[PDB]
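Dumped upload-v7.pdb below, it's PDB, C-alpha atoms:
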ATOM      1  CA  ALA I   2      80.164  87.620  78.132
ATOM      2  CA  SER I   3      78.149  87.456  81.351
ATOM      3  CA  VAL I   4      75.871  84.551  80.461
ATOM      4  CA  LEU I   5      78.630  82.612  78.620
ATOM      5  CA  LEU I   6      81.425  82.436  81.190
ATOM      6  CA  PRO I   7      81.029  81.202  84.785
ATOM      7  CA  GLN I   8      81.553  83.838  87.493
ATOM      8  CA  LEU I   9      82.867  83.535  91.066
ATOM      9  CA  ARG I  10      81.290  84.927  94.238
ATOM     10  CA  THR I  11      84.086  84.579  96.846
ATOM     11  CA  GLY I  12      87.779  83.900  97.389
ATOM     12  CA  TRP I  13      87.184  80.431  98.822
ATOM     13  CA  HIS I  14      85.231  79.532  95.689
ATOM     14  CA  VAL I  15      88.080  80.777  93.511
ATOM     15  CA  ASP I  16      90.603  78.740  95.467
ATOM     16  CA  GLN I  17      88.421  75.636  95.132
ATOM     17  CA  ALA I  18      88.176  76.174  91.384
ATOM     18  CA  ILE I  19      91.943  76.553  91.114
ATOM     19  CA  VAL I  20      92.549  73.374  93.095
ATOM     20  CA  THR I  21      89.848  71.136  91.670
ATOM     21  CA  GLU I  22      90.687  71.290  87.958
ATOM     22  CA  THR I  23      93.240  68.494  87.793
ATOM     23  CA  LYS I  24      93.149  67.847  84.037
ATOM     24  CA  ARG I  25      92.359  71.296  82.612
ATOM     25  CA  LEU I  26      94.183  74.586  82.895
ATOM     26  CA  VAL I  27      92.434  77.463  84.688
ATOM     27  CA  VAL I  28      92.349  81.058  83.513
ATOM     28  CA  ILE I  29      90.858  83.316  86.177
ATOM     29  CA  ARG I  30      90.023  86.886  85.216
ATOM     30  CA  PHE I  31      90.435  89.221  88.183
ATOM     31  CA  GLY I  32      88.495  92.372  87.150
ATOM     32  CA  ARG I  33      86.072  95.160  88.174
ATOM     33  CA  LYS I  34      82.727  94.323  86.477
ATOM     34  CA  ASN I  35      82.024  97.772  84.967
ATOM     35  CA  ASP I  36      85.451  98.489  83.379
ATOM     36  CA  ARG I  37      86.119  98.706  79.616
ATOM     37  CA  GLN I  38      89.305  96.643  79.455
ATOM     38  CA  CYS I  39      87.948  93.937  81.752
ATOM     39  CA  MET I  40      84.753  93.743  79.704
ATOM     40  CA  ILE I  41      86.778  93.369  76.516
ATOM     41  CA  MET I  42      88.834  90.593  78.091
ATOM     42  CA  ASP I  43      85.680  88.787  79.196
ATOM     43  CA  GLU I  44      84.252  89.059  75.681
ATOM     44  CA  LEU I  45      87.455  87.633  74.228
ATOM     45  CA  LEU I  46      87.532  84.806  76.752
ATOM     46  CA  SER I  47      83.873  83.970  76.112
ATOM     47  CA  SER I  48      84.804  83.059  72.544
ATOM     48  CA  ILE I  49      88.000  81.272  73.540
ATOM     49  CA  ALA I  50      86.498  79.308  76.422
ATOM     50  CA  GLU I  51      84.271  77.110  74.278
ATOM     51  CA  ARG I  52      87.159  76.425  71.904
ATOM     52  CA  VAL I  53      89.772  75.646  74.500
ATOM     53  CA  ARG I  54      87.186  73.836  76.666
ATOM     54  CA  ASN I  55      88.762  70.384  76.639
ATOM     55  CA  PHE I  56      92.174  71.803  77.683
ATOM     56  CA  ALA I  57      91.478  75.068  79.586
ATOM     57  CA  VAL I  58      88.716  76.697  81.592
ATOM     58  CA  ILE I  59      87.792  80.335  82.065
ATOM     59  CA  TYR I  60      86.465  81.976  85.254
ATOM     60  CA  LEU I  61      85.608  85.515  86.399
ATOM     61  CA  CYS I  62      86.310  87.410  89.659
ATOM     62  CA  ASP I  63      84.833  90.745  90.622
ATOM     63  CA  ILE I  64      87.971  92.116  92.285
ATOM     64  CA  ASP I  65      86.069  94.750  94.328
ATOM     65  CA  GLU I  66      83.540  92.157  95.596
ATOM     66  CA  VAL I  67      86.237  89.534  96.324
ATOM     67  CA  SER I  68      89.271  91.281  97.841
ATOM     68  CA  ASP I  69      91.057  88.123  99.102
ATOM     69  CA  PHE I  70      93.621  87.978  96.318
ATOM     70  CA  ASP I  71      95.519  91.249  96.526
ATOM     71  CA  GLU I  72      98.447  89.010  97.546
ATOM     72  CA  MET I  73      98.704  87.957  93.850
ATOM     73  CA  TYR I  74      99.744  91.399  92.543
ATOM     74  CA  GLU I  75     100.807  93.701  95.472
ATOM     75  CA  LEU I  76      97.719  95.962  94.932
ATOM     76  CA  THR I  77      98.518  97.005  91.336
ATOM     77  CA  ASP I  78      94.984  95.763  90.587
ATOM     78  CA  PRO I  79      94.228  96.632  86.945
ATOM     79  CA  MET I  80      91.785  94.281  85.150
ATOM     80  CA  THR I  81      93.927  91.168  84.737
ATOM     81  CA  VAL I  82      93.951  87.425  84.178
ATOM     82  CA  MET I  83      95.913  84.620  85.748
ATOM     83  CA  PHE I  84      96.769  81.041  84.857
ATOM     84  CA  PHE I  85      96.626  77.929  87.030
ATOM     85  CA  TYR I  86      97.305  74.196  86.868
ATOM     86  CA  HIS I  87      97.459  71.613  89.708
ATOM     87  CA  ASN I  88      97.066  74.649  92.024
ATOM     88  CA  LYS I  89     100.365  76.113  90.828
ATOM     89  CA  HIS I  90     100.536  79.677  89.507
ATOM     90  CA  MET I  91     101.665  79.655  85.870
ATOM     91  CA  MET I  92     104.108  82.280  84.607
ATOM     92  CA  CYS I  93     103.672  83.567  80.972
ATOM     93  CA  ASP I  94     106.680  85.696  79.989
ATOM     94  CA  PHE I  95     105.678  88.333  77.423
ATOM     95  CA  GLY I  96     107.698  91.507  76.800
ATOM     96  CA  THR I  97     105.597  93.239  79.496
ATOM     97  CA  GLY I  98     107.768  92.253  82.488
ATOM     98  CA  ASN I  99     104.766  91.138  84.554
ATOM     99  CA  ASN I 100     105.519  87.442  84.024
ATOM    100  CA  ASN I 101     102.861  86.678  86.625
ATOM    101  CA  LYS I 102      99.704  88.049  85.075
ATOM    102  CA  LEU I 103      98.575  89.350  81.724
ATOM    103  CA  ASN I 104      97.391  92.789  82.717
ATOM    104  CA  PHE I 105      96.501  93.774  79.182
ATOM    105  CA  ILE I 106      94.019  93.107  76.386
ATOM    106  CA  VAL I 107      94.855  90.918  73.416
ATOM    107  CA  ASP I 108      92.451  91.111  70.446
ATOM    108  CA  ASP I 109      93.263  88.037  68.303
ATOM    109  CA  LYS I 110      90.972  85.244  69.529
ATOM    110  CA  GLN I 111      93.291  82.737  67.866
ATOM    111  CA  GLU I 112      96.306  84.422  69.452
ATOM    112  CA  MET I 113      94.680  84.170  72.876
ATOM    113  CA  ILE I 114      93.958  80.487  72.301
ATOM    114  CA  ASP I 115      97.564  79.905  71.248
ATOM    115  CA  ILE I 116      98.926  81.518  74.391
ATOM    116  CA  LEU I 117      96.531  79.489  76.532
ATOM    117  CA  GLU I 118      97.641  76.376  74.646
ATOM    118  CA  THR I 119     101.280  77.238  75.309
ATOM    119  CA  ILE I 120     100.684  77.667  78.980
ATOM    120  CA  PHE I 121      98.785  74.369  79.134
ATOM    121  CA  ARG I 122     101.722  72.662  77.435
ATOM    122  CA  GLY I 123     104.127  74.239  79.915
ATOM    123  CA  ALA I 124     102.006  73.074  82.834
ATOM    124  CA  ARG I 125     101.897  69.538  81.454
ATOM    125  CA  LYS I 126     105.677  69.539  81.036
ATOM    126  CA  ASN I 127     105.884  70.780  84.679
ATOM    127  CA  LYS I 128     107.429  74.147  83.699
ATOM    128  CA  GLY I 129     106.442  77.235  85.701
ATOM    129  CA  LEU I 130     107.607  79.789  83.176
ATOM    130  CA  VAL I 131     106.565  79.705  79.576
ATOM    131  CA  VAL I 132     107.635  82.046  76.818
ATOM    132  CA  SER I 133     104.594  83.124  74.834
ATOM    133  CA  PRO I 134     104.728  82.518  71.102
ATOM    134  CA  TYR I 135     103.777  86.173  70.684
ATOM    135  CA  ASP I 136     105.787  89.186  71.944
ATOM    136  CA  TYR I 137     103.449  91.939  73.085
ATOM    137  CA  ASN I 138     105.518  94.827  74.447
ATOM    138  CA  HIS I 139     102.794  97.340  73.359
ATOM    139  CA  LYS I 140      99.848  96.909  75.742
ATOM    140  CA  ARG I 141     101.387  97.702  79.207
TER
ATOM    141  CA  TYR A 725     101.084 109.637  94.495
ATOM    142  CA  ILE A 726     102.026 109.714  98.170
ATOM    143  CA  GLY A 727      98.394 109.173  99.154
ATOM    144  CA  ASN A 728      98.158 106.210  96.793
ATOM    145  CA  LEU A 729     101.330 104.724  98.266
ATOM    146  CA  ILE A 730     100.035 105.041 101.801
ATOM    147  CA  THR A 731      96.586 103.689 100.934
ATOM    148  CA  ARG A 732      98.167 100.431  99.720
ATOM    149  CA  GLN A 733      95.650  98.118 101.473
ATOM    150  CA  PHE A 734      92.447 100.067 100.707
ATOM    151  CA  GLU A 735      91.488 101.488  97.279
ATOM    152  CA  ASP A 751      87.041 103.299  70.245
ATOM    153  CA  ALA A 752      85.908  99.898  68.898
ATOM    154  CA  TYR A 753      84.863  98.473  72.273
ATOM    155  CA  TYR A 754      81.718 100.579  71.881
ATOM    156  CA  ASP A 755      79.836  97.869  70.008
ATOM    157  CA  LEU A 756      80.844  95.300  72.620
ATOM    158  CA  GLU A 757      79.638  97.596  75.397
ATOM    159  CA  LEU A 758      76.317  98.057  73.611
ATOM    160  CA  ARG A 759      75.939  94.298  73.236
ATOM    161  CA  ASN A 760      76.674  93.733  76.915
ATOM    162  CA  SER A 761      74.451  96.541  78.161
ATOM    163  CA  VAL A 762      71.483  95.511  76.029
ATOM    164  CA  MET A 763      71.854  91.909  77.184
ATOM    165  CA  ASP A 764      71.890  93.040  80.812
ATOM    166  CA  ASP A 765      68.761  95.115  80.240
ATOM    167  CA  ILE A 766      67.024  92.130  78.653
ATOM    168  CA  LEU A 767      67.989  89.945  81.612
ATOM    169  CA  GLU A 768      66.609  92.547  84.015
ATOM    170  CA  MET A 769      63.354  92.663  82.062
ATOM    171  CA  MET A 770      62.950  88.850  82.332
ATOM    172  CA  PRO A 771      63.996  87.669  85.868
ATOM    173  CA  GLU A 772      61.835  84.570  85.478
ATOM    174  CA  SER A 773      62.198  80.866  86.241
TER
ATOM    175  CA  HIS X 146     111.687 111.240 117.027
ATOM    176  CA  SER X 147     115.366 110.849 116.163
ATOM    177  CA  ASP X 148     115.884 108.649 119.218
ATOM    178  CA  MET X 149     112.921 106.496 118.212
ATOM    179  CA  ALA X 150     114.228 106.042 114.627
ATOM    180  CA  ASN X 155     110.416 102.679 113.208
ATOM    181  CA  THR X 156     106.907 103.590 114.481
ATOM    182  CA  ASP X 157     104.541 103.440 111.462
ATOM    183  CA  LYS X 158     101.396 104.952 113.043
ATOM    184  CA  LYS X 159      98.323 105.986 111.010
ATOM    185  CA  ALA X 160      98.352 109.710 111.772
ATOM    186  CA  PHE X 161     102.054 109.885 110.938
ATOM    187  CA  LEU X 162     101.432 108.097 107.643
ATOM    188  CA  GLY X 163      98.635 110.532 106.807
ATOM    189  CA  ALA X 164     100.744 113.580 107.606
ATOM    190  CA  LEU X 165     103.475 112.660 105.135
ATOM    191  CA  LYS X 166     101.166 113.063 102.080
ATOM    192  CA  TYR X 167     101.469 116.885 102.338
ATOM    193  CA  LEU X 168     105.275 116.771 101.993
ATOM    194  CA  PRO X 169     105.819 118.302  98.556
ATOM    195  CA  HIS X 170     103.443 121.142  99.440
ATOM    196  CA  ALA X 171     105.420 121.655 102.641
ATOM    197  CA  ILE X 172     108.668 121.694 100.669
ATOM    198  CA  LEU X 173     107.236 124.272  98.278
ATOM    199  CA  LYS X 174     106.145 126.444 101.194
ATOM    200  CA  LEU X 175     109.615 126.217 102.726
ATOM    201  CA  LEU X 176     111.184 127.227  99.420
ATOM    202  CA  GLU X 177     108.827 130.199  99.171
ATOM    203  CA  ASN X 178     109.754 131.499 102.640
ATOM    204  CA  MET X 179     113.481 131.717 101.821
ATOM    205  CA  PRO X 180     115.563 134.451 103.466
ATOM    206  CA  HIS X 181     116.922 137.095 101.083
ATOM    207  CA  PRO X 182     120.553 138.510 101.107
ATOM    208  CA  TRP X 183     119.389 141.714 102.888
ATOM    209  CA  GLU X 184     117.878 139.651 105.750
ATOM    210  CA  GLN X 185     119.974 138.013 108.519
ATOM    211  CA  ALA X 186     117.709 135.081 109.417
ATOM    212  CA  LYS X 187     114.044 134.453 108.606
ATOM    213  CA  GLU X 188     112.288 134.051 111.924
ATOM    214  CA  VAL X 189     109.266 132.203 110.554
ATOM    215  CA  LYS X 190     106.007 130.692 111.841
ATOM    216  CA  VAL X 191     105.412 126.976 111.245
ATOM    217  CA  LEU X 192     103.030 123.968 111.366
ATOM    218  CA  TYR X 193     104.213 120.583 112.676
ATOM    219  CA  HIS X 194     102.889 117.059 113.359
ATOM    220  CA  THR X 195     103.216 115.913 117.018
ATOM    221  CA  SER X 196     105.798 113.252 116.064
ATOM    222  CA  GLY X 197     108.219 115.774 114.621
ATOM    223  CA  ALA X 198     107.197 114.762 111.082
ATOM    224  CA  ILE X 199     106.057 117.055 108.268
ATOM    225  CA  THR X 200     107.397 120.409 109.462
ATOM    226  CA  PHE X 201     106.381 123.212 107.098
ATOM    227  CA  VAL X 202     106.275 126.987 107.173
ATOM    228  CA  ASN X 203     102.693 128.364 107.423
ATOM    229  CA  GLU X 204     103.660 132.032 107.003
ATOM    230  CA  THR X 205     103.104 133.251 103.415
ATOM    231  CA  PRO X 206     105.819 135.801 102.566
ATOM    232  CA  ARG X 207     104.390 139.019 101.138
ATOM    233  CA  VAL X 208     106.252 142.229 100.324
ATOM    234  CA  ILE X 209     105.797 145.925  99.544
ATOM    235  CA  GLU X 210     106.412 145.693  95.787
ATOM    236  CA  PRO X 211     108.431 148.829  95.044
ATOM    237  CA  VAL X 212     110.211 148.418  98.382
ATOM    238  CA  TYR X 213     111.029 144.831  97.443
ATOM    239  CA  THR X 214     112.351 145.972  94.070
ATOM    240  CA  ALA X 215     114.520 148.592  95.766
ATOM    241  CA  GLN X 216     115.902 145.967  98.136
ATOM    242  CA  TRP X 217     116.711 143.689  95.212
ATOM    243  CA  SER X 218     118.469 146.546  93.412
ATOM    244  CA  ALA X 219     120.519 147.276  96.526
ATOM    245  CA  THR X 220     121.508 143.616  96.760
ATOM    246  CA  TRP X 221     122.536 143.629  93.098
ATOM    247  CA  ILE X 222     124.643 146.739  93.668
ATOM    248  CA  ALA X 223     126.323 145.100  96.657
ATOM    249  CA  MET X 224     127.086 142.009  94.585
ATOM    250  CA  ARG X 225     128.595 144.174  91.850
ATOM    251  CA  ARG X 226     130.759 145.963  94.413
ATOM    252  CA  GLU X 227     131.940 142.624  95.791
ATOM    253  CA  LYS X 228     132.814 141.443  92.288
ATOM    254  CA  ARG X 229     134.784 144.634  91.671
ATOM    255  CA  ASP X 230     136.666 144.152  94.937
ATOM    256  CA  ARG X 231     137.658 140.461  95.464
ATOM    257  CA  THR X 232     139.881 138.658  92.919
ATOM    258  CA  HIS X 233     139.740 134.937  93.785
ATOM    259  CA  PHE X 234     136.115 134.540  94.882
ATOM    260  CA  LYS X 235     135.429 131.153  96.503
ATOM    261  CA  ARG X 236     133.136 128.964  94.379
ATOM    262  CA  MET X 237     130.974 126.991  96.820
ATOM    263  CA  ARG X 238     131.599 123.264  96.148
ATOM    264  CA  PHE X 239     128.457 121.151  95.573
ATOM    265  CA  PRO X 240     127.101 119.035  97.035
ATOM    266  CA  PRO X 241     128.172 121.084 100.101
ATOM    267  CA  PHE X 242     128.262 118.330 102.754
ATOM    268  CA  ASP X 243     129.474 114.741 103.186
ATOM    269  CA  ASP X 244     127.033 112.501 101.280
ATOM    270  CA  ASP X 245     128.004 109.239 103.042
ATOM    271  CA  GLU X 246     127.718 110.910 106.471
ATOM    272  CA  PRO X 247     124.488 112.417 107.913
ATOM    273  CA  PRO X 248     125.697 115.957 108.750
ATOM    274  CA  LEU X 249     122.685 117.750 110.259
ATOM    275  CA  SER X 250     122.958 120.574 112.814
ATOM    276  CA  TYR X 251     120.575 122.167 115.351
ATOM    277  CA  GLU X 252     122.196 122.864 118.720
ATOM    278  CA  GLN X 253     125.359 124.183 117.076
ATOM    279  CA  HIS X 254     123.295 126.482 114.864
ATOM    280  CA  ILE X 255     121.407 127.768 117.902
ATOM    281  CA  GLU X 256     124.594 128.538 119.868
ATOM    282  CA  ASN X 257     126.631 129.613 116.824
ATOM    283  CA  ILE X 258     128.732 132.728 116.235
ATOM    284  CA  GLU X 259     127.001 136.019 115.386
ATOM    285  CA  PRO X 260     125.094 136.056 112.035
ATOM    286  CA  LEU X 261     128.033 137.427 110.022
ATOM    287  CA  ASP X 262     127.438 140.459 107.724
ATOM    288  CA  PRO X 263     124.602 139.641 105.264
ATOM    289  CA  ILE X 264     124.512 141.468 101.905
ATOM    290  CA  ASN X 265     123.512 145.110 102.216
ATOM    291  CA  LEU X 266     125.233 148.224 100.796
ATOM    292  CA  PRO X 267     126.202 151.340 102.833
ATOM    293  CA  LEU X 268     123.579 154.107 102.889
ATOM    294  CA  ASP X 269     124.538 157.812 103.048
ATOM    295  CA  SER X 270     122.339 160.320 104.914
ATOM    296  CA  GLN X 271     121.924 163.048 102.265
ATOM    297  CA  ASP X 272     120.806 161.009  99.235
ATOM    298  CA  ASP X 273     118.907 157.939 100.528
ATOM    299  CA  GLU X 274     117.441 159.351 103.740
ATOM    300  CA  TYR X 275     113.986 158.021 104.565
ATOM    301  CA  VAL X 276     114.535 154.265 103.877
ATOM    302  CA  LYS X 277     117.861 153.209 105.527
ATOM    303  CA  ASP X 278     116.224 153.067 109.000
ATOM    304  CA  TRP X 279     113.727 150.359 107.870
ATOM    305  CA  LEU X 280     115.129 149.019 104.558
ATOM    306  CA  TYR X 281     117.130 145.783 105.018
ATOM    307  CA  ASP X 282     114.701 144.064 107.382
ATOM    308  CA  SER X 283     112.668 140.873 107.803
ATOM    309  CA  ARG X 284     109.069 141.574 106.808
ATOM    310  CA  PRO X 285     110.434 144.036 105.643
ATOM    311  CA  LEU X 286     110.022 147.010 107.981
ATOM    312  CA  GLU X 287     107.614 149.864 107.477
ATOM    313  CA  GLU X 288     105.526 147.141 109.152
ATOM    314  CA  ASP X 289     104.153 148.664 112.426
ATOM    315  CA  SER X 290     103.365 152.273 111.428
TER
END
Could you spell out this file's structure in structure tokens?
Amino acid sequence: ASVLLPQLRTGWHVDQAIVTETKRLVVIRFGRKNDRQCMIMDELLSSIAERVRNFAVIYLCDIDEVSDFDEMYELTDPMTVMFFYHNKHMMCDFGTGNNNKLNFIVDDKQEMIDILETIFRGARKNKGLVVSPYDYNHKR
Amino acid sequence: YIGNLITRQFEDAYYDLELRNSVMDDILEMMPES
Amino acid sequence: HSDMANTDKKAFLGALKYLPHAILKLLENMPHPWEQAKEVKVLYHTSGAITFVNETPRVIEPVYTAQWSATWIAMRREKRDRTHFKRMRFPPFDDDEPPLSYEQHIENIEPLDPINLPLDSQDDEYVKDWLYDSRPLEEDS
């Protein structure tokens, strides 16, 4: 959702957000506003955000409007999300191979929450990688 | 493909969701109040 | 260009994108067994990148067919004649090495007998003067 989630205007802002959540985890969604997949992801995350609230936080990035972070993914640039804790990038190994970012839509709200939970746990442990409970290997 | 490579710095059931979003946006546009 | 060996200019980068087209063009303008060497027009980027033929090879259709037939005949004759015909090993050159050639090619021995059958005067009269040729001939008149 647009009204539900908080959205970011610039790269500096994004960086600040990433840094300044000490306690919570930070899911950024890097995506082009008017895309299907991105929209779907946002919708999913709207639901999740409220739930996960006390452990995670969700943010949005118009990737065309804020082009600072094409370092993150070598200009692959589909409509992705990324996970952050203590300003460290957090690495969520699915089947996909892109251990960096989930570049794909998941539909099970609960499933999404679970993966977020997992990554939070990993971050707390200190781990950089975390194996998702789920597999994926379909949604490349 | 080649073009894409060189230009490496420069550039079903979702329907309901889309509708929901779009309508919301329209509503927002209609009321840009305090 | 060779001497230079990495530049990475913008124009150069741009030019590359038309490489498969160029390749295709090159393939199209291949010399045929009747011909000796295809003296062909070209387009080229100022670097020495993206060199492609810009001639489009067109033929007199029945003439072309005739030529092809002649070539076939020649091949048949060759087959009839030689016993241990040399199968050309592939890949032809040293893979590890970089065996190109320009200067040598330029100042090489005479273009040795391409494939074209002998043509008697009585039977096949009016073609043999202009038959096995580049464009092919019957090109000025």
With a cut-off of 10 Å and counting all atoms listed in the file, select all residues of chain A in contact with chain I and give the selection as an mmCIF file with C-alpha atoms, in the coordinates of the input.
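Below you can see iface_26.cif, which holds the result:
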data_model
loop_
_atom_site.group_PDB
_atom_site.id
_atom_site.type_symbol
_atom_site.label_atom_id
_atom_site.label_comp_id
_atom_site.auth_asym_id
_atom_site.auth_seq_id
_atom_site.Cartn_x
_atom_site.Cartn_y
_atom_site.Cartn_z
ATOM 1 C CA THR A 731 96.586 103.689 100.934
ATOM 2 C CA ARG A 732 98.167 100.431 99.720
ATOM 3 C CA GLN A 733 95.650 98.118 101.473
ATOM 4 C CA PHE A 734 92.447 100.067 100.707
ATOM 5 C CA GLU A 735 91.488 101.488 97.279
ATOM 6 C CA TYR A 753 84.863 98.473 72.273
ATOM 7 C CA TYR A 754 81.718 100.579 71.881
ATOM 8 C CA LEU A 756 80.844 95.300 72.620
ATOM 9 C CA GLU A 757 79.638 97.596 75.397
ATOM 10 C CA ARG A 759 75.939 94.298 73.236
ATOM 11 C CA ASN A 760 76.674 93.733 76.915
ATOM 12 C CA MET A 763 71.854 91.909 77.184
ATOM 13 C CA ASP A 764 71.890 93.040 80.812
ATOM 14 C CA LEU A 767 67.989 89.945 81.612
#
(request) Excluding residue 730 (chain A) and residues on its chain fewer than 2 positions from it, collect all residues at most 8 Å away from it, counting only C-alpha atoms, and give them as a VMD selection string. (result) (chain A and resid 726 to 728 732) or (chain X and resid 162 to 163)
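For the atom pair formed by CA of residue 104 (chain I) and CA of residue 14 (chain I), the distance is 22.2 Å, given to one decimal.
Once the PyMOL selection byres ((chain I and resi 45) around 9) is applied to this file, the selection holds residues 2, 40, 41, 42, 43, 44, 46, 47, 48, 49, 50, 106, 107, 108, 109, 110 and 113 of chain I.
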(request) Report as a PyMOL selection string the residues that result from applying the PyMOL selection byres ((chain X and resi 215-219) around 10) to the structure here. (result) chain X and resi 181-183+209-214+220-225+264-268+276+280-282+285
(message) Between CA of residue 123 (chain I) and CA of residue 31 (chain I), what distance in Å does the model show, to one decimal?
(response) 21.9 Å
(request) Between I:26, I:135, I:82, I:140, single out the one closest to residue 120 (chain I), counting only C-alpha atoms. (result) I:26
If you count only C-alpha atoms, which residues fall within 10 Å of residue 116 (chain I), apart from same-chain ones fewer than 6 positions away, as a PDB file with C-alpha atoms, keeping the file's coordinate frame?
ATOM      1  CA  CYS I  93     103.672  83.567  80.972  1.00  0.00           C
ATOM      2  CA  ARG I 122     101.722  72.662  77.435  1.00  0.00           C
ATOM      3  CA  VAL I 131     106.565  79.705  79.576  1.00  0.00           C
ATOM      4  CA  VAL I 132     107.635  82.046  76.818  1.00  0.00           C
ATOM      5  CA  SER I 133     104.594  83.124  74.834  1.00  0.00           C
ATOM      6  CA  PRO I 134     104.728  82.518  71.102  1.00  0.00           C
ATOM      7  CA  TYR I 135     103.777  86.173  70.684  1.00  0.00           C
TER       8      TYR I 135
END
(message) the ChimeraX specification (/A :<10) & /X - which residues does that actually catch in the file I just gave you? List them as a count of residues only.
(response) 9
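Across the model, the gap from CA of residue 206 (chain X) to CA of residue 277 (chain X) is 21.4 Å.
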(message) Need the shell around residue 186 (chain X): protein/DNA/RNA residues with any atom at most 12 Å away, counting all atoms listed in the file. Skip same-chain ones fewer than 6 positions apart. Format as a ChimeraX atom specification?
(response) /X:178-180,254-255,259-264,281-284
(request) Excluding residue 201 (chain X) and residues on its chain fewer than 4 positions from it, collect all residues at most 9 Å away from it, counting only C-alpha atoms, and give them as a VMD selection string. (result) chain X and resid 168 170 to 175 190 to 193
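Minimum atom-to-atom distances from I:124, I:83, I:114, I:61 to residue 25 (chain I) were compared using all atoms listed in the file, and the lowest value belongs to I:124.
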Write only C-alpha atoms for chain A from the block just shown, as a PDB file, in the first residue's frame.
ATOM      1  CA  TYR A 725      21.672  -7.569 -25.752  1.00  0.00           C
ATOM      2  CA  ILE A 726      24.878  -5.796 -26.742  1.00  0.00           C
ATOM      3  CA  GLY A 727      23.168  -2.419 -26.385  1.00  0.00           C
ATOM      4  CA  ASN A 728      21.916  -3.377 -22.932  1.00  0.00           C
ATOM      5  CA  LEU A 729      25.414  -4.458 -21.913  1.00  0.00           C
ATOM      6  CA  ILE A 730      26.935  -1.194 -23.057  1.00  0.00           C
ATOM      7  CA  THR A 731      24.210   0.933 -21.467  1.00  0.00           C
ATOM      8  CA  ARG A 732      25.068  -0.526 -18.044  1.00  0.00           C
ATOM      9  CA  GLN A 733      25.001   2.831 -16.178  1.00  0.00           C
ATOM     10  CA  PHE A 734      21.889   4.339 -17.818  1.00  0.00           C
ATOM     11  CA  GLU A 735      18.559   2.512 -18.340  1.00  0.00           C
ATOM     12  CA  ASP A 751      -3.762 -12.698 -13.414  1.00  0.00           C
ATOM     13  CA  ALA A 752      -4.838 -12.257  -9.765  1.00  0.00           C
ATOM     14  CA  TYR A 753      -2.925  -9.013  -9.187  1.00  0.00           C
ATOM     15  CA  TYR A 754      -5.767  -7.322 -11.070  1.00  0.00           C
ATOM     16  CA  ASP A 755      -7.857  -6.798  -7.949  1.00  0.00           C
ATOM     17  CA  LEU A 756      -4.848  -5.378  -6.115  1.00  0.00           C
ATOM     18  CA  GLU A 757      -4.172  -2.994  -8.995  1.00  0.00           C
ATOM     19  CA  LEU A 758      -7.796  -1.857  -8.940  1.00  0.00           C
ATOM     20  CA  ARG A 759      -7.604  -1.255  -5.197  1.00  0.00           C
ATOM     21  CA  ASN A 760      -4.417   0.770  -5.562  1.00  0.00           C
ATOM     22  CA  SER A 761      -5.609   2.785  -8.544  1.00  0.00           C
ATOM     23  CA  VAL A 762      -8.950   3.663  -6.967  1.00  0.00           C
ATOM     24  CA  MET A 763      -7.202   4.726  -3.763  1.00  0.00           C
ATOM     25  CA  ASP A 764      -4.854   6.961  -5.745  1.00  0.00           C
ATOM     26  CA  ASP A 765      -7.803   8.524  -7.556  1.00  0.00           C
ATOM     27  CA  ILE A 766      -9.542   9.178  -4.241  1.00  0.00           C
ATOM     28  CA  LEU A 767      -6.392  10.803  -2.863  1.00  0.00           C
ATOM     29  CA  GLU A 768      -6.155  13.016  -5.945  1.00  0.00           C
ATOM     30  CA  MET A 769      -9.786  14.045  -5.517  1.00  0.00           C
ATOM     31  CA  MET A 770      -9.150  15.108  -1.877  1.00  0.00           C
ATOM     32  CA  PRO A 771      -5.732  16.906  -1.616  1.00  0.00           C
ATOM     33  CA  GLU A 772      -6.903  18.688   1.527  1.00  0.00           C
ATOM     34  CA  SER A 773      -5.417  19.508   4.925  1.00  0.00           C
TER      35      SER A 773
END
